[PDB]
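This report concerns only the one structure given below.
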Amino acid sequence: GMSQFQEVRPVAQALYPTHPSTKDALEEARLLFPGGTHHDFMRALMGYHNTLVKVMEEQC
Amino acid sequence: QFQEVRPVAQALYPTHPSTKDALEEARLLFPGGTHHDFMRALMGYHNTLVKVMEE
Ligand SMILES: [Cl-]
Ligand SMILES: [Cl-]
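Sequence order for the protein chains is R and X.
Numbering-wise, the first sequence is residues 1 to 60 according to the numbering used here.
Numbering-wise, the second sequence is residues 61 to 115 according to the numbering used here.
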């Protein structure tokens, strides 16, 4: 386990940006991680997307 | 290049059991650069998606 990563609840997180759209958020993430492949980039980001959608949906 | 992704499951891509696990899987794919930049990228996405989902 990588202990620098803790569970992030489906609420706004201070000290990190918020973008106009998921499109924009992907654009800005790609600027920070421009090297390495489009495939790996989407796997990383969409894996997070899918996970967060499931977490949000499963709550009450 | 990119298009807006709705706050729904994307069948082409994996799903993980927790946001910790999804961050770990993302860091395996992108081990370079600072923790700060990694989080700016991933939490920027988190914040954006949360805001759409919350209202
Ligand atoms: Cl850990
Ligand atoms: Cl890290």
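Think of the CB as a built atom: it goes at the ideal place given N, C-alpha and C, for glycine as much as any other residue.
C-alpha distance - residue i paired with residue j, whole-angstrom precision
| i | j | result |
| --- | --- | --- |
| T108 of chain X | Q4 of chain R | 22 Å |
| residue 6 of chain X | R43 of chain R | Any question about residue 6 of chain X goes unanswered here, given that chain X covers just 61 to 115. |
| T22 of chain R | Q63 of chain X | 8 Å |
| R30 of chain R | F90 of chain X | 11 Å |
| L102 of chain X | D40 of chain R | 14 Å |
| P20 of chain R | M113 of chain X | 13 Å |
| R66 of chain X | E115 of chain X | 13 Å |
| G1 of chain R | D24 of chain R | 30 Å |
| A14 of chain R | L72 of chain X | 30 Å |
| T37 of chain R | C60 of chain R | 37 Å |
Residue i Cβ short of 6 Å to ligand 2 heavy atom set
| i | result |
| --- | --- |
| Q4 of chain R | yes |
For residue i, three-class secondary structure by DSSP
| i | result |
| --- | --- |
| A25 of chain R | helix |
| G93 of chain X | coil |
| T108 of chain X | helix |
| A44 of chain R | helix |
| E64 of chain X | coil |
| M2 of chain R | coil |
heavy atom of ligand 1 below 6 Å from residue i C-beta
| i | result |
| --- | --- |
| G36 of chain R | no |
| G104 of chain X | no |
Residue environment, residue i, which counts as buried when at least 16 other CB atoms sit within 10 Å
| i | result |
| --- | --- |
| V68 of chain X | exposed |
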